[PDB]
Structure formats: C-alpha cells, structure tokens
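One chain comes next, on its own, written out as structure tokens in the form deposited in one PDB entry.
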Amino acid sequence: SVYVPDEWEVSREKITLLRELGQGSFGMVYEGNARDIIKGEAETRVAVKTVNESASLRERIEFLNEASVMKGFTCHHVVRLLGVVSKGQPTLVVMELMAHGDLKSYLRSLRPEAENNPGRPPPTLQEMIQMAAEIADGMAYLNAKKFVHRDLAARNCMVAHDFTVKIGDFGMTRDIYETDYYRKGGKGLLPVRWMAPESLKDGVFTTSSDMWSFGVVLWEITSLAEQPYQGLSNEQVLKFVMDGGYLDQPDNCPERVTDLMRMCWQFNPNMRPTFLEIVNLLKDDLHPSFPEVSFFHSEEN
C-alpha cells in the first residue's frame, strides 16, 4: 500500500468530467475532455475511471496500483492508459475513449429484439474475422510482454469510434457483468464459463488458457454474447469443462470461426495455438490498415 506519483501524473485541472458512461466494478466511469494529455493534440476525448466515494485511502492506492499495470503497454489493439490524478480527490485514471463501450454490451445491442438496437445488423463473416484478428493481435502483444490476461471475454474487449475492437481497459466489468463471475474463497472472482480446464482444476493461468478464453470470445461474437452454457450453474460448468466438455457452436456459425474455436479448446494446453499463429491464419483477409498498426507486422514482434 504505497502509490508513488510518476510521469503519468496529470494535473486535475486538465480533466473535465462530462457524462456517465457506466459503473466499473470499483467505481463510476465517465466520458471527459482532457487538455494537453496526448502530444500533438490540444484536447482529447477520454474515458475517466474513478473509485466509489466510500473507498478508503488504501483502496484508492490498490486502485491506482491495479490501473498502473497498463503503463508499460503500447499497442493499437489494447486500450491505452493516458494519465493518472492521484493528488487530492477524487482519484482519477484517464483512458483512451472507446465510443461503443465493451464488446459484450455492444454485441447484445445487435440482437434483432434488443431495446437499444443501433440499426446495425449482426456481424458479417468478414467483420468477425477482422474482430478476431484485432483481439488476437492485442493478445499477442500482451503475451509477448509475458503478460497473462486471465480474464479474456467479450465484456473485457472494447469497441472504438471506428469499430476497431481492442483488448479493453483491464478489470472493468465485474459490476455490470457480475453474474459472469463465480466467487471462490481463496481464488477470488472466477469467470468459470470462460476458463480453461487446467485453470479450473489447478488454478493455473497461462497464455494457453488465454487462448481457451479467446475461443469463448469467438463463440460470443457468433452468438451475440449469450451466456456460455446457459442453464448450467457455475459449479456444473466447472465440472463439465474439467471433464472435457466445451461449447457447441451457435446456430449458423461460419465454418472458419468454428475451426478457430476447436483449436482453442484442445484439452492439452500445449496443443493450443499461440495468438501470433491465429493472426497468421487470418492475415490475408483483413483491412489494408492492419499491417500499418498491428503488433504482428511490427519490428517489435
């Protein structure tokens, strides 16, 4: 419980909170305007995440330390941390704004019956491949930095103003999608419907179990984010998957996407593909901008 201010610290005076976006599991997230936060931009539309005002000083420290995990990361397909306001109150962290929010909420809005349907039809095959490659590229970047995500899921991806999908601001959906988590004392909140068998069995998270979860994200894309194993309880899901079960393809699932899921859900984790291998499989079928922005095509890879 210490937070030392660094080069990410920004003056509170630069940040204006404009409207609520939604409740993060630790506090309200707002849309804001930030002055002189990005070099070359006089002003930037941002998201800014806070703690609940009921939070202790130590909880604010823990919040900032958890948020700071993202400081090292620079990838087009991972949501970017822009600044921190730790001095005074309220505690703020300023993030790249993702205009269409989290991918689970977004996908659900595309259901024909949804009250908030934006008029956009469900994703085409080309759109799904594009999303898959973007998610896999962000994940490849993170895994290359020896970072294991542990909670890859549509709710933890975000959708930008230009409809690019990115790995979302980390750990932001435990309130809006609380039912996606099974609390198991000692282990904390477990996203059991997204977890690999060895993670369920042994509490082990690896890049190979991130790949398992990627398979489930593809399933959510093709099902418009139904609950995986709907109508099994959390304890039933945990046993089902440990015993070798995995998700059946949604109705009308495109074959190419089905095949990706099947690779992700191999029982032996050493047999699953890597994220770079996923991007390699998809590379010839993407927007022209992809090689300009991807980790996969970068000298860093």
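In this text, residue numbers run from 1 along the sequence as written.
Not on display, but discussed next: the form solved in complex with a partner chain.
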Only hit among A133, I167, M172, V216 for heavy atom within 4.5 Å of its partner chain in the deposited complex is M172
Between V192, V78, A140, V94, only one gets a heavy atom within 4.5 angstroms of its partner chain in the deposited complex; which residue is that? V192
Do all of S209, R256 and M271 end up near its partner chain in the deposited complex, with near meaning a heavy atom within 4.5 Å? no
The chain here is shown without its partner chain. Which stretch in 229-237, 244-252, 272-280, 257-265 comes within 4.5 angstroms of it in the deposited complex, by heavy atom distance? 229-237
Using 4.5 Å between non-hydrogen atoms, is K184 touching its partner chain in the deposited complex? yes
Contact between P112 and its partner chain in the deposited complex at 4.5 Å, heavy atoms? no
So in the deposited complex, does any heavy atom of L224 sit within 4.5 Å of its partner chain? no
is_contact(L200, its partner chain) in the deposited complex, heavy atom dist at most 4.5 Å: yes
